[PDB]
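**Student:** Would you mind keeping the following structure in view while I ask a few things?
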Ligand SMILES: *CC(=O)Nc1ccc(-c2nc3ccccn3c2Nc2c(C)cccc2C)c(F)c1
Ligand SMILES: *CC(=O)Nc1ccc(-c2nc3ccccn3c2Nc2c(C)cccc2C)c(F)c1
Ligand SMILES: [Ca+2]
Ligand SMILES: [Ca+2]
Ligand SMILES: [Ca+2]
Ligand SMILES: [Ca+2]
Ligand SMILES: [Ca+2]
Ligand SMILES: [Ca+2]
Ligand SMILES: [Ca+2]
Ligand SMILES: [Ca+2]
Ligand SMILES: [Cl-]
Ligand SMILES: [Cl-]
């Protein structure tokens, strides 16, 4: 595409610059270009890809929620009619969000997942697949909502199966996957008990493995464990 | 342009929604469309226009400064050669910033300023003209830098002349104009003594007129006076 | 909203 | 940086 003429290494360098400048749309465009070179991504490069799109879609999600709340209030009793503009603008933001999700899912399907054979890379990408279907599910209201939800569930479940077989219970990717799949259960699948059980079991199994870790690995694992605890506190 | 098919009132409504959602690029596009309808802007509408572009260009300026600092460090003794990428990306951001400034200046010239006859509207627009030439001056390094600086100075000076004749010394537009022109003197024109004198005289003349104001007007004027004081404290 | 990474 | 509005 537009980045076809730029060297892979230059795209990665500029993605790092864009991150420092908080230019996340640029960062995402650079990393899309890097993926489209066709080579596998290193750990650091996978992280850059995820950070860029997380920030872009995160801003879209926040805006969508603001607009959805205004729209909901406009449809209450006693609310004065203000015309189609709120719905139109919410739809505009929604369409842009769906476009970003489709772009990410397209990169994963063409061809990051199929060339990812190591457990750490495959789990990382399948977690992303689950996350971006989850974001599609957050805004879905039509006849494909069930299929969108099932796509998220399926991706998360494959990731979980691999992580449990191939990674230690303190591995940060495994922990972050479990954190997010637990949120999927609570917020998307209407399964709060499953969400709570998963967060608790994940936390406890990680706790029991901390003794094996260096100071630095301990810091990383305990940070994510605290996020599991925070959600458990919110939910109980 | 792209907003040519949307009603003026709908563009204004959506600009307000975009502000609430912190979608400032959208806000600016809506307000550009509203200006291009050809009718004069109300006070509230002028404020929406200014807020939208201030936020867009403000983010560009912050990013430019980050990138410029990295570039400066790359040209120090003992710095390892990293190729053209830092310069290229700084140039990309710079070009986008200049484009936004040119868009704003274009709206002012076609035809907001020429149809603005009331002192409050004319001063508001001329202050904007000064500000966006100032932003162009911040990144200018070539043979037109002097002319860019003089364009900012000329716009600010016309605004000051009108404000002193037609507005009270506590008027928020007059105060904000003086605040910004003082910063122009300090940061762009290499005239720190002029900057300090202007901030001090503005503050003191406002202080002496506060007795004439309502509680609400007092709050507004004193807020801006505090910004003048903050700059004086930074500079002395 | 709950925490995700 | 100094304050502007
Ligand atoms: C290649 C690799 O191992 N990548 C990786 C990426 C991100 C993290 C990570 N560390 C922390 C600390 C605190 C909060 C969040 N967080 C991370 N985010 C993250 C996690 C935990 C799992 C999956 C994906 C991401 C982006 C790593 F530890 C390791
Ligand atoms: C139509 C009109 O009078 N508009 C107007 C717009 C903005 C302000 C304003 N109030 C405050 C309070 C605190 C800080 C900044 N600030 C404002 N910004 C501003 C000023 C002071 C001058 C010119 C342009 C702007 C955006 C007004 F008081 C009135
Ligand atoms: Ca190459
Ligand atoms: Ca309407
Ligand atoms: Ca839709
Ligand atoms: Ca129960
Ligand atoms: Ca009309
Ligand atoms: Ca290089
Ligand atoms: Ca340039
Ligand atoms: Ca002196
Ligand atoms: Cl719209
Ligand atoms: Cl570039």
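**Student:** Take residue B:36 and decide whether it is within 9 Å of another protein chain (Cβ to nearest Cβ), surrounded by fewer than 21 Cβ atoms within 10 Å (Cβ to Cβ) and more than 16 Å from ligand 9 (Cβ to nearest atom).
**Tutor:** Values: within 9 Å of another protein chain (Cβ to nearest Cβ): no; surrounded by fewer than 21 Cβ atoms within 10 Å (Cβ to Cβ): yes; more than 16 Å from ligand 9 (Cβ to nearest atom): yes.
No: the conditions fail for residue B:36.
**Student:** Only one residue in B:21, B:63, B:52, B:29 is free of Cβ contacts under 8 Å to residues at least 40 places away in the same chain, closer than 25 Å to residue D:3 by Cβ, away from ligand 2 (no atom under 16 Å from the Cβ) and buried (at least 18 other Cβ atoms within 10 Å of the Cβ). Which one? Let's see the steps before the verdict.
**Tutor:** Values: B:21 fails: closer than 25 Å to residue D:3 by Cβ; B:52 fails: away from ligand 2 (no atom under 16 Å from the Cβ); B:29 fails: closer than 25 Å to residue D:3 by Cβ.
Residue meeting the stated conditions: B:63.
**Student:** Suppose we filter the stretch A:205-220 for residues that are more than 25 Å from residue A:152 (Cβ to Cβ), part of a helix (DSSP H, G or I) and more than 12 Å from chain C (Cβ to nearest Cβ); how many remain? Working first, answer last.
**Tutor:** Restricting attention to the stretch A:205-220, the residues satisfying the condition of being more than 25 Å from residue A:152 (Cβ to Cβ) are A:207-220.
Restricting the remaining residues to those that are part of a helix (DSSP H, G or I) gives A:207, A:210-212, A:215-220.
Retained after the next criterion (residues that are more than 12 Å from chain C (Cβ to nearest Cβ)): A:207, A:210-212, A:215-219.
Number satisfying all stated conditions: 9.
**Student:** Just to verify a result, which residue in the stretch A:75-91, among those that are more than 8 Å from chain B (Cβ to nearest Cβ) and under 23 Å from residue B:29 (Cβ atoms), is surrounded by the fewest Cβ atoms within 10 Å (Cβ to Cβ)?
**Tutor:** If we filter the stretch A:75-91 for residues that are more than 8 Å from chain B (Cβ to nearest Cβ), which is where we start, we get A:75-81, A:84, A:87, A:90-91.
So of that shortlist, the ones also under 23 Å from residue B:29 (Cβ atoms) come out as A:84, A:87, A:90-91.
Details: A:84: 9, A:87: 15, A:90: 21, A:91: 14.
My answer is A:84.
**Student:** Now a separate question. Within the bounds of the stretch B:222-232, is there any residue that is within 25 Å of residue B:103 (Cα to Cα) and out of contact with any strand residue (DSSP E or B) (no Cβ under 7 Å at 6 or more places or on another chain)?
**Tutor:** Here is the first cut: in the stretch B:222-232, the residues within 25 Å of residue B:103 (Cα to Cα) are none.
No - not one qualifying residue is present in the stretch B:222-232.
**Student:** I've got another one for you. With the condition kept exactly as written, say whether any residue in the stretch B:113-132 is within 14 Å of chain A (Cβ to nearest Cβ), away from ligand 9 (no atom under 16 Å from the Cβ) and either out of contact with any strand residue (DSSP E or B) (no Cβ under 6 Å at 6 or more places or on another chain) or more than 21 Å from residue B:51 (Cβ to Cβ) (or both). Show your work before the answer.
**Tutor:** At the first step, the residues of the stretch B:113-132 found to be within 14 Å of chain A (Cβ to nearest Cβ) are none.
No, the conditions are met nowhere in the stretch B:113-132.
**Student:** Failed condition for residue B:95, given (1) surrounded by 13 or more Cβ atoms within 10 Å (Cβ to Cβ); (2) within 17 Å of residue B:135 (Cα to Cα), with all others met?
**Tutor:** Of everything listed in (1) surrounded by 13 or more Cβ atoms within 10 Å (Cβ to Cβ); (2) within 17 Å of residue B:135 (Cα to Cα), residue B:95 misses just condition (1).
Each reported figure results from applying straightforward, stated rules to the coordinates on display, with no laboratory input. Because the Cβ atoms are built from the backbone with ideal geometry, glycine has one as well, and the counts that use them run over all protein chains shown.
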